[PDB]
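Notes for the one structure printed next.
Residue numbers (the deposited numbering): 1 to 330.
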């Protein structure tokens with residue numbers, strides 16, 4: 001089997017992407033944030049504290065003839081950005097782009113943190129990291145991909161995120177029309193539960209390529225590109241007036257600037273992030289200080305190839321017995 005679904009930016013900055021997901025019988029369609037940095041499929045629901053729901057579409061398990069309470073199971077998650085959610089668990093039928101999993105754990109939120117409430121466009125998350133990170137207790141649950149894998153034509157999914165435009169998540173096949181040149185594959189460590197890999201270096205603009213190993217994760221659920229402070233300083237030094245602002249929480253730059261591109265290495269191959277992808281707009285409405293899309297990972301404890309990086313590539317998440325990651329230009 002295969003599946004194919006369009007993923008759509010939630011706003012004009014590509015702060016996140018939402019993909020429609022069918023849950024239950026009859027289908028309840030919720031728009032979920034597909035997150036290769038976590039491993040829980042959780043939703044706003046009829047159980048979510050009323051004051052914490054603000055415009056989201058909810059899953060109502062009592063209206064699904066295929067929903068079953070997973071008795072005794074609870075979940076609780078905290079994300080790198082300080083947000084969180086928790087609740088109980090149902091199993092139900094879940095379909096993405098025509099690909100159906102029966103008995104998928106659907107984690108129903110009883111509580112969500114303010115960041116989730118305040119984002120009316122995101123009805124929940126669909127985790128696509130390794131199932132070892134799933135938070136369900138006392139019986140850990142599998143991700144949608146892990147459950148689908150054996151049925152797929154090939155044990156893969158691909159992320160093709162758009163810049164200020166829709167893109168595509170495919171399951172079970174590689175669309176050879178969706179990228180240019182060849183796909184370069186690179187090794188993955190699953191030791192921390194992530195799609196963790198090592199970039200071979202970087203360049204800033206038309207500058208020379210610096211060969212250096214950068215360990216990090218491919219994370220569709222993180223907006224920006226978080227890299228070591230040395231790398232990030234080298235980038236922003238090429239933008240007149242750019243500075244790290246402790247008050248704002250990262251690098252800012254004059255909105256009048258033209259940003260240079262940023263290149264990262266995948267083996268001997270190179271992915272070029274155009275400068276415009278690195279512009280996250282005014283820090284507040286009407287400001288002439290703009291927020292940068294490349295930020296320091298110092299104090300996160302891991303480098304993160306988030307959407308800023310991934311949307312410059314066609315990315316293969318290869319879930320074969322020994323997982324790997326593939327990157328192509330597009």
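For every residue, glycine included, the Cβ atom is placed at its ideal position computed from N, Cα and C.
Residue from the options whose Cα sits closest to the Cα of residue i
i	options	result
residue 214	226, 3 and 200	200
residue 190	133, 61 and 107	133
residue 32	124, 274, 255 and 138	124
residue 361	256, 173, 321 and 36	Only positions 1 to 330 of the chain appear in the structure, and residue 361 is not among them; the question remains open.
residue 279	15, 230 and 6	15
residue 115	146, 79, 130 and 96	79
residue 342	230, 20, 70 and 325	For residue 342 there is no data in the structure shown, the boundaries of the chain being 1 and 330.
residue 61	72, 48 and 52	48
residue 129	50, 315, 218 and 22	218
residue 207	272, 246 and 192	272
residue 3	100, 265, 192 and 222	100
residue 17	302, 23, 244 and 310	310
residue 247	327, 84 and 283	283
residue 238	222, 245 and 261	261
residue 84	44, 139, 28 and 298	44
residue 198	324, 113, 90 and 107	324
residue 25	90, 66, 164 and 38	66
residue 81	290, 327 and 297	297
residue 53	209, 265 and 113	113
residue 186	322, 38, 243 and 290	322
residue 263	30, 327 and 71	327
residue 68	38, 107, 34 and 30	107
residue 90	244, 46 and 212	46
Limits of the beta strand (DSSP E) - the one that residue i falls within
i	result
residue 78	68 to 78
residue 163	That residue, residue 163, is in no beta strand (DSSP E); it is neither H nor E in DSSP.
residue 310	Element bounds for residue 310: not the beta strand (DSSP E) but the alpha helix (DSSP H), 307 to 310.
residue 4	3 to 9
residue 292	289 to 292
residue 245	243 to 245
residue 27	First-last for residue 27: undefined, no H or E at that position.
residue 90	84 to 96
residue 262	262 to 266
residue 282	279 to 282
residue 328	324 to 328
residue 269	269 to 273
residue 59	Looking at the DSSP string, residue 59 is not in any beta strand (DSSP E), and its letter there is neither H nor E.
residue 253	250 to 254
residue 317	314 to 318
residue 125	124 to 127
residue 136	Here residue 136 belongs to no beta strand (DSSP E), and DSSP marks it neither H nor E.
residue 43	41 to 43
residue 225	225 to 227
Test item: CB-CB of residue i and residue j under 7 Å
i	j	result
residue 227	residue 306	no
residue 184	residue 267	yes
residue 64	residue 88	no
residue 259	residue 249	no
residue 103	residue 329	no
residue 157	residue 144	no
residue 319	residue 155	yes
residue 94	residue 5	no
residue 235	residue 204	yes
residue 220	residue 159	yes
residue 314	residue 229	no
residue 23	residue 59	yes
residue 111	residue 151	no
residue 169	residue 8	no
residue 74	residue 137	yes
residue 153	residue 173	yes
residue 140	residue 105	no
residue 120	residue 193	no
residue 222	residue 122	no
Start-to-end residues for the alpha helix (DSSP H) that takes in residue i
i	result
residue 147	144 to 148
residue 239	Counting along the chain, residue 239 falls outside any alpha helix (DSSP H), and DSSP gives it neither H nor E.
residue 176	Residue 176 -> no alpha helix (DSSP H), and no H or E assigned at all.
residue 117	114 to 118
Nearest-angstrom beta carbon gap, residue j and residue i [assumed within contact, 8 Å]
i	j	result
residue 232	residue 202	With 8 Å as the limit, residue 232 and residue 202 do not qualify as a contact, their Cβ atoms being about 10 Å apart.
residue 42	residue 148	The Cβ separation is near 18 Å, so there is no contact.
residue 40	residue 127	5 Å
residue 241	residue 257	7 Å
residue 254	residue 288	6 Å
residue 77	residue 117	That pair is no contact at about 15 Å.
residue 277	residue 293	6 Å
residue 302	residue 216	7 Å
residue 164	residue 71	Incorrect: roughly 45 Å between the Cβ atoms, too far for contact.
The ligand ADP heavy atom lying under 6 Å from the CB of residue i
i	result
residue 163	Although the ligand ADP was asked about, the structure shown includes no ligands whatsoever.
Original post:
At which residue ranges does the stretch 183 to 222 contain complete beta strand (DSSP E) runs of 3 or more residues, listed in the order of the chain?
Top reply: 184 to 187, 196 to 204 and 210 to 218
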